[PDB]
Amino acid sequence: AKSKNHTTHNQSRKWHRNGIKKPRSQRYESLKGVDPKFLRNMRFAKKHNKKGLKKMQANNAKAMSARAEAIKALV
Amino acid sequence: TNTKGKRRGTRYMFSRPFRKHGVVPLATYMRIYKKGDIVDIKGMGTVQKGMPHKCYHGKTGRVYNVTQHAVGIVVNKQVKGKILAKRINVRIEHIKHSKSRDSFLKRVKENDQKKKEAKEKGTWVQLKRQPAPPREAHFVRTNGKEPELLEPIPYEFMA
Amino acid sequence: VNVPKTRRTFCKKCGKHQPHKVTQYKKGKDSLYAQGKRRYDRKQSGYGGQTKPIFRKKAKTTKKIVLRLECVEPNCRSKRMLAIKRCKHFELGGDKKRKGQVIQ
Amino acid sequence: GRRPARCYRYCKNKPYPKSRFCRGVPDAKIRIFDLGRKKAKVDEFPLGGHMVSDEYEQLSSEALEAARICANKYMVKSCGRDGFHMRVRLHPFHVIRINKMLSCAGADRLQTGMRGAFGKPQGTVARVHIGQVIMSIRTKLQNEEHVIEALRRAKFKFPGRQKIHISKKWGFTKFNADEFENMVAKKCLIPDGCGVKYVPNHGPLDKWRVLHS
RNA sequence: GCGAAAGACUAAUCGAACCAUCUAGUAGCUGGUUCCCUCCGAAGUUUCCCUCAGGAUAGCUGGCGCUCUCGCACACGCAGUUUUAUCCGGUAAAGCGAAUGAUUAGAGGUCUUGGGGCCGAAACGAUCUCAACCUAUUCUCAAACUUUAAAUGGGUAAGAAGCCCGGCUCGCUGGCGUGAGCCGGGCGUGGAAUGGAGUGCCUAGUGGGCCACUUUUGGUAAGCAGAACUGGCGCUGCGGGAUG
RNA sequence: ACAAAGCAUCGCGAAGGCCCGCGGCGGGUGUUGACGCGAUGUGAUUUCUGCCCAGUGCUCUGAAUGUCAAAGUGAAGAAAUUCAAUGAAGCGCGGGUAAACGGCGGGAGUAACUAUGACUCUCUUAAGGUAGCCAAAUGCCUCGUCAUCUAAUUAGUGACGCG
RNA sequence: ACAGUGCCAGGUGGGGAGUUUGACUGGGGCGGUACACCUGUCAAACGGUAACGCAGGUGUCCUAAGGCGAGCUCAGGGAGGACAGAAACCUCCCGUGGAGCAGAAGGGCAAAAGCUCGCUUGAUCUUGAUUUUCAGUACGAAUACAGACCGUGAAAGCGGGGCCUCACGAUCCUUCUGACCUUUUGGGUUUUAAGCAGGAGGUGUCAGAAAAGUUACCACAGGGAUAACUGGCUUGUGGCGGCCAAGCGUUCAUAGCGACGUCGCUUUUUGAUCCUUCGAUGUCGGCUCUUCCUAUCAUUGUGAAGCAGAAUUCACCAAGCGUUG
RNA sequence: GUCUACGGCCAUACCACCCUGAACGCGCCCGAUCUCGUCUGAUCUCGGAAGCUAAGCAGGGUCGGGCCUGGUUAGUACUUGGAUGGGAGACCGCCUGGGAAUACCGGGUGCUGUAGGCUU
RNA sequence: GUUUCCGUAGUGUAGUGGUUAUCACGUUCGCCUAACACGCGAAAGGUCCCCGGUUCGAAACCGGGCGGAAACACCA
Ligand SMILES: [Mg+2]
Ligand SMILES: [Mg+2]
Ligand SMILES: [Mg+2]
Ligand SMILES: [Mg+2]
Ligand SMILES: [Mg+2]
Ligand SMILES: [Mg+2]
Ligand SMILES: [Mg+2]
Ligand SMILES: [Mg+2]
Ligand SMILES: [Mg+2]
Ligand SMILES: [Mg+2]
Ligand SMILES: [Mg+2]
Ligand SMILES: [Mg+2]
Ligand SMILES: [Mg+2]
Ligand SMILES: [Mg+2]
Ligand SMILES: [Mg+2]
Ligand SMILES: [Mg+2]
Ligand SMILES: [Mg+2]
Ligand SMILES: [Mg+2]
Ligand SMILES: [Mg+2]
Ligand SMILES: [Mg+2]
Ligand SMILES: [Mg+2]
Ligand SMILES: [Mg+2]
Ligand SMILES: [Mg+2]
Ligand SMILES: [Mg+2]
Ligand SMILES: [Mg+2]
Ligand SMILES: [Mg+2]
Ligand SMILES: [Mg+2]
Ligand SMILES: [Mg+2]
Ligand SMILES: [Mg+2]
Ligand SMILES: [Mg+2]
Ligand SMILES: [Zn+2]
Numbered sequence: 072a073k074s075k076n077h078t079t080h081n082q083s084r085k086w087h088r089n090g091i092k093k094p095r096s097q098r099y100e101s102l103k104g105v106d107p108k109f110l111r112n113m114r115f116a117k118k119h120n121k122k123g124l125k126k127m128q129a130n131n132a133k134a135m136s137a138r139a140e141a142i143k144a145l146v
Numbered sequence: 294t295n296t297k298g299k300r301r302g303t304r305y306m307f308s309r310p311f312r313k314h315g316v317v318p319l320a321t322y323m324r325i326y327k328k329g330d331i332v333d334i335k336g337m338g339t340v341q342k343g344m345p346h347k348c349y350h351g352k353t354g355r356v357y358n359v360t361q362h363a364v365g366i367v368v369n370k371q372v373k374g375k376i377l378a379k380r381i382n383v384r385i386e387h388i389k390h391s392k393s394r395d396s397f398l399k400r401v402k403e404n405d406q407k408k409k410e411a412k413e414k415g416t417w418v419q420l421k422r423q424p425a426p427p428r429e430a431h432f433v434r435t436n437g438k439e440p441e442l443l444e445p446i447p448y449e450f451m452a
Numbered sequence: 739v740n741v742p743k744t745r746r747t748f749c750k751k752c753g754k755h756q757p758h759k760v761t762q763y764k765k766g767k768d769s770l771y772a773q774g775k776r777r778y779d780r781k782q783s784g785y786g787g788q789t790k791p792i793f794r795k796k797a798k799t800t801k802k803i804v805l806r807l808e809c810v811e812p813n814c815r816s817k818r819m820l821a822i823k824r825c826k827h828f829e830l831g832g833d834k835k836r837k838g839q840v841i842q
Numbered sequence: 007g008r009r010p011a012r013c014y015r016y017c018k019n020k021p022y023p024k025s026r027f028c029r030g031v032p033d034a035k036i037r038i039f040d041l042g043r044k045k046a047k048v049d050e051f052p053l054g055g056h057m058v059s060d061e062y063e064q065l066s067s068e069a070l071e072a073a074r075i076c077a078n079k080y081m082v083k084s085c086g087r088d089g090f091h092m093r094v095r096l097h098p099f100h101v102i103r104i105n106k107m108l109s110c111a112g113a114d115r116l117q118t119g120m121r122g123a124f125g126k127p128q129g130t131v132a133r134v135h136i137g138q139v140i141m142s143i144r145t146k147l148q149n150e151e152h153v154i155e156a157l158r159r160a161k162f163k164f165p166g167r168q169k170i171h172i173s174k175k176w177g178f179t180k181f182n183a184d185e186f187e188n189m190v191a192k193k194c195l196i197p198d199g200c201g202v203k204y205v206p207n208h209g210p211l212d213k214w215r216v217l218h219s
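Those sequence lines, one after another, are chains A, B, C and D.
So in our numbering the end of the first sequence lands on 146, straight run, no missing numbers.
So in our numbering the end of the second sequence lands on 452, straight run, no missing numbers.
So in our numbering the end of the third sequence lands on 842, straight run, no missing numbers.
So in our numbering the end of the fourth sequence lands on 219, straight run, no missing numbers.
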């Protein structure tokens with residue numbers, strides 16, 4: 072009652088017919104896997120961002136009016 | 294049927310090459326890795342802690358972690374069809390900066406530079422690479438010789 | 739193998755290492771008004787034959803020894819279990835083997 | 007005794023050297039891969055006559071024996087006992103196998119047929135590639151014919167097919183015969199019993215100082 | 001039940017009757033399975049199995065679909081492709097005067113030492129001889145060797161998720177910075193060739209396969225046994241290969 | 001082949017042996033009584049019935065300090081309880097029994113041809129195959145060896161016998 | 001006052017019942033374990049790959065045989081040095097690694113991972129992520145991080161067992177520990193019991209059946225996926241035949257022979273194999289009767305001989321008719 | 001040029017031997033009051049500074065071993081695809097691409113990183 | 001062929017866990033005996049089959065072998 076004990080025969084044919092998809096990689100992949108002491112921290116970075124938006128907005132408008140003046144001084 | 298053990302068939306991979314049996318040159322763990330950087334795995338005998346394993350000895354992947362003496366690294370591994378982008382935790386010793394990317398970067402730095410310049414001209418410069426064209430009509434010249442006559446040489450049995 | 743009788747290590751309740759007293763564990767006497775048994779008895783009672791399993795097919799020749807640590811400092815006394823690899827010969831504080839000595 | 011050479015004529019398998027891995031090897035039939043005046047000199051004995059295989063095959067140890075002997079017999083006659091060297095250059099050495107004869111008694115009842123098919127050591131054989139030398143001989147330049155035919159008889163203990171060829175070297179060296187008398191007289195080459203040392207313009211000068219002295 | 005005993009006999013019935021019912025008993029096992037046409041269209045491959053005649057799940061298939069692109073002078077993507085970079089790789093070959101392992105031969109050496117001689121009481125005394133070692137050599141080899149070391153092969157990469165400016169946050173890290181995260185602005189075809197791309201359910205059959213080139217393991221050899229790689233047949237005719 | 005007659009064991013004095021039945025104060029032997037009933041073994045006649053109770057059985061006014069339930073009695077407790085001592089038969093020990101199942105062995109030297117060996121070493125075991133018998137319906141090696149019967153015999157008979 | 005019957009308990013009970021009595025497996029039965037793992041190889045240079053392919057190991061042991069930390073240098077050889085000799089003891093020199101590193105190998109290792117000592121418990125408690133076996137499920141084993149509490153070290157670090165690859169195991173069951181934990185229920189208190197979370201008992205067929213035989217008295221489903229004939233292939237063995245040629249043959253190779261070697265056929269020997277057949281092709285011999293082959297024992301015609309005759313072997317055409325009681 | 005301190009890549013650096021050291025250091029050296037360590041101040045620690053380049057080291061040398069390149073062997077060996085090529089078979093031939101290794105010949109012999117000297 | 005079992009003094013045979021080797025017999029020497037037996041006192045004798053490995057060390061523990069033994073080789 073003996074038989075075959077493997078083969079990897081047509082096969083190439085199969086796990087290949089539908090393709091072999093090189094894994095569709097998004098931007099913005101998961102941070103799960105990373106050392107907790109990164110995340111522990113970068114969440115205090117991410118959480119206390121808005122504290123410091125007043126600077127951010129004014130300091131934007133400074134650069135925006137300085138570059139409205141740079142492009143207008145070119146004109 | 295064979296043994297599954299993690300380090301079968303590694304007798305002669307992980308084996309350090311020649312006359313390098315010993316102190317791991319220190320440079321190889323004082324160059325900086327950081328997430329995004331592409332890295333070639335290359336297993337090593339000397340240090341066994343934080344080894345990769347043969348099914349990715351000699352692959353490349355990007356780095357996604359950096360721990361105190363290891364680098365979490367995402368590599369693609371083929372497995373009866375479906376390739377799996379998958380993540381391992383390999384100690385620095387077994388890793389390098391692949392220069393794979395580093396033709397491009399030097400090609401970028403050149404193209405942005407050659408585009409910003411020749412914009413004040415407006416002349417269109419050949420930015421893309423292009424495969425090796427057919428070799429152009431040239432001439433040759435002999436001067437004061439005819440060429441040398443070859444004859445196939447008569448066989449005699451050497452031993 | 740061998741192990742010593744004392745053993746400074748983590749006492750859960752203290753939140754600290756402390757000296758523990760090592761001694762190996764033996765099984766309890768088996769309860770009889772434990773649910774499992776109560777049910778094994780009186781399924782297997784009445785005019786029925788044997789119901790539940792019993793091996794006649796051992797294999798290994800050795801059990802994982804278990805140390806029964808307990809905290810020396812009083813009021814802790816919080817005993818904790820610490821399993822160990824297998825050995826077919828196990829001792830507590832039986833000498834320190836020596837080095838460089840004559841083997842008579 | 008053994009199956010006829012036929013069945014182990016051809017190299018199918020990877021070399022089985024007698025080693026740790028196989029053991030209980032019966033000692034190789036052949037034992038002397040040179041005879042005659044192996045006490046000769048290079049300078050008195052100038053004719054590297056050769057026997058060369060033309061086929062990728064295996065040669066039994068017991069063929070090599072015969073092949074040798076029948077060349078010791080014809081040379082002797084021919085040249086005399088002192089007047090040659092013969093060298094065999096294939097010491098049999100990958101080991102050949104035999105399933106253990108499918109032994110059974112009378113009508114029999116059980117052989118098990120194929121289980122544990124792997125045999126035992128039977129003997130020993132040489133690997134031989136094409137254009138590769140098997141036997142070589144040296145004599146006097148005089149006595150060419152008497153080499154030719156000695157190897158000629160040896161071909162007939164010996165399967166497949168194989169040419170007899172006369173070399174361009176001093177006897178048993180690698181140094182092309184048109185060239186010794188010169189290369190010795192100036193000492194690129196220095197006599198060393200059978201063979202000869204090539205001495206180059208390399209080592210310390212006091213090595214030279216000994217020659218041309 | 002009955003047997004002077006032979007598993008004899010119990011009404012053509014006996015290793016233990018016949019009749020009815022439970023009764024559609026159960027069956028991984030034989031056999032069969034009923035109208036047309038159109039389209040796509042296998043597997044005998046994966047791991048667990050009281051598993052080897054079967055199941056479990058890997059596959060491959062169909063159907064059902066959906067998200068979009070745009071061939072509507074005005075496309076990104078993907079890929080049994082190929083280049084250019086770049087790693088990875090230990091097979092063929094080779095070598096073995098590079099390690100290990102075998103092994104021939106001579107020159108050489110009281111190396112050592114020996115054990116026999118022969119000439120010596122005996123004497124590295126003479127001369128032989130053979131052991132072993134080793135100094136230059138040479139013959140020939142290794143699947144469980146390797147200094148070298150291909151061909152064929154396997155990763156990446158060849159940009160908009162990309163460069164380049166500005167600025168903020170942090171409990172991590174540090175003499176300061178890093179590092180990471182964010183906001184804000186500045187900047188486009190980035191080797192060839194091909195073709196519209198994406199992703200979600202149900203899910204049958206199948207899970208005995210066989211053959212060829214080349215590679216290759218058993219075997220002596222087979223139409224023998226077992227792998228690789230590819231190619232077939234199964235599953236599918238036809239011209240040829242007289243036949244197959 | 002079975003039976004058979006003959007030989008042999010074995011239980012049984014009826015609140016019994018053996019036995020039936022589902023059950024009764026049920027039934028067969030049994031309208032019986034050991035010269036009977038039941039249970040076996042071998043197989044007329046003649047001659048004989050060798051050793052072994054080391055195993056397993058069987059069995060025995062045999063100790064049962066071996067253990068051992070129920071109940072029974074001891075105790076703590078608040079109770080389920082829990083923990084004590086004691087303890088049948090069979091189980092553990094000791095005898096008997098083989099016309100119960102059965103079993104019944106290897107090694108050297110040593111004699112005046114050679115050989116062989118009356119003799120004398122070991123060792124083991126529960127005894128260690130005795131009288132016979134044997135190439136038998138038991139013998140692998142096997143056309144055992146010798147005799148006879150045949151012109152010729154793997155056939156037959158007669159001997160031999162480490163069987 | 002037991003006999004006796006009622007009913008529990010323990011023994012004894014193929015007298016009787018039901019049941020089981022692995023798989024792998026050149027058929028099977030008896031041989032092994034290829035039933036879980038681990039080295040070297042096959043294995044065709046990313047990974048993977050079989051057979052009862054090879055060549056081997058494992059079910060281990062360690063209070064340290066780990067963690068640090070320190071300290072030194074290993075096998076072997078030479079030259080020296082009382083007794084002392086191929087080996088005790090010492091000292092110099094050489095000593096890439098020939099030692100050593102609990103074990104199979106395999107990889108790894110030197111002011112180390114080799115050796116010696118001091119200090120000890122990082123073999124400790126705790127979430128998560130990943131690798132490996134992959135379905136990419138478990139277990140086992142590993143890798144990286146993080147949080148406690150600690151050893152060591154001037155310190156950097158290093159250390160969650162044992163330089164890396166094996167060295168162990170579900171459900172249900174049992175036990176021990178842990179928390180002023182939850183339930184124990186119409187309330188409450190104590191026992192008791194059930195949870196919850198960690199450890200142990202264990203399935204050796206290693207993802208985990210509580211299990212002896214025999215059937216020639218046998219049965220049913222099946223089976224050419226499994227044997228015993230026939231047939232194919234194969235040809236080891238058998239038989240037959242060449243070549244080379246050392247010899248024998250008084251001498252002389254080859255009249256006749258012919259070693260050590262070597263090249264073939266043949267299918268009248270046995271093996272392998274398992275292609276056909278298991279809705280079964282009658283299974284050994286004997287008789288009779290045909291026909292064919294030649295692998296010529298006779299006879300016809302021939303060539304050989306070491307052929308004088310006589311007698312005899314070698315060979316050719318040759319299968320014409322012979323091969324008996 | 002050169003050295004020291006710390007270094008990178010780890011022999012073009014190693015090894016074997018030969019030659020020369022101006023200054024500063026680098027060394028050799030001298031001793032054990034303390035620290036510290038030993039059987040021994042043999043090594044380590046420490047306090048020094050009476051000598052000399054004796055060696056290291058440094059600097060140089062060798063038709064020197066070695067290592068590192070080149071060549072050669074060699075378009076050889078081997079190989080991707082290829083054919084209704086040859087060959088009884090082993091094997092061999094060609095077509096399309098790729099293409100090693102030894103012996104044998106050559107050349108070279110460590111480059112520099114920061115901090116600090118000296119030759120003012 | 002496959003599965004077992006042995007091998008130790010001149011011979012038959014003990015023995016241990018890894019430090020050590022026995023018994024009986026045999027034999028050599030005395031004594032007793034007129035002389036042999038018997039009896040009594042003294043004595044010497046193997047690489048623990050050949051190996052490689054482990055180990056402080058092996059007769060004894062692995063692996064290989066060599067010699068002597070036993071046991072299976074069932075359906076056709
Ligand atoms: Mg009951
Ligand atoms: Mg019967
Ligand atoms: Mg390999
Ligand atoms: Mg087949
Ligand atoms: Mg009887
Ligand atoms: Mg009797
Ligand atoms: Mg008895
Ligand atoms: Mg008798
Ligand atoms: Mg008779
Ligand atoms: Mg008759
Ligand atoms: Mg029964
Ligand atoms: Mg079976
Ligand atoms: Mg491969
Ligand atoms: Mg250290
Ligand atoms: Mg921690
Ligand atoms: Mg260690
Ligand atoms: Mg209640
Ligand atoms: Mg109440
Ligand atoms: Mg019968
Ligand atoms: Mg078949
Ligand atoms: Mg079929
Ligand atoms: Mg047949
Ligand atoms: Mg003659
Ligand atoms: Mg019929
Ligand atoms: Mg003829
Ligand atoms: Mg001093
Ligand atoms: Mg100096
Ligand atoms: Mg000097
Ligand atoms: Mg040189
Ligand atoms: Mg074609
Ligand atoms: Zn505590």
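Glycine included, every Cβ here is placed at the ideal spot set by N, Cα and C.
Sequence-distant Cβ neighbours of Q361 (chain B) in its own chain, meaning closer than 8 Å and more than five residues away, do not exist here. As DSSP reads the structure, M306 (chain B) sits in no beta bridge. By the C-beta criterion, the region 767-780 of chain C is judged not to be in contact with the region 171-182 of chain D, since fewer than 3 inter-stretch pairs fall below 8 Å. With the rule of 3 Cβ pairs closer than 8 Å, the region 349-364 of chain B counts as touching the region 381-390 of chain B. Per DSSP, the unbroken alpha helix (DSSP H) holding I75 (chain D) starts and ends at 67-80.
Minimum Cα-Cα distance from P127 (chain D) among the listed residues D:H56, D:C13, D:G30, D:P23 corresponds to D:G30. Identification of residues in the region 363-387 of chain B having a C-beta nearer than 8 Å to some C-beta of chain A yields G365, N369, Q371, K373, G374, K375, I376, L377, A378, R380, given in sequence order. Taking 8 Å as the cut-off, the beta carbon of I140 (chain D) is found no closer than this to the beta carbon of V205 (chain D).
Within chain B, no C-beta atom comes less than 8 Å from the C-beta of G123 (chain A); the nearest is roughly 25 Å away. Per DSSP, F748 (chain C) lies in no alpha helix (DSSP H); the unbroken beta strand (DSSP E) holding it starts and ends at 744-749.
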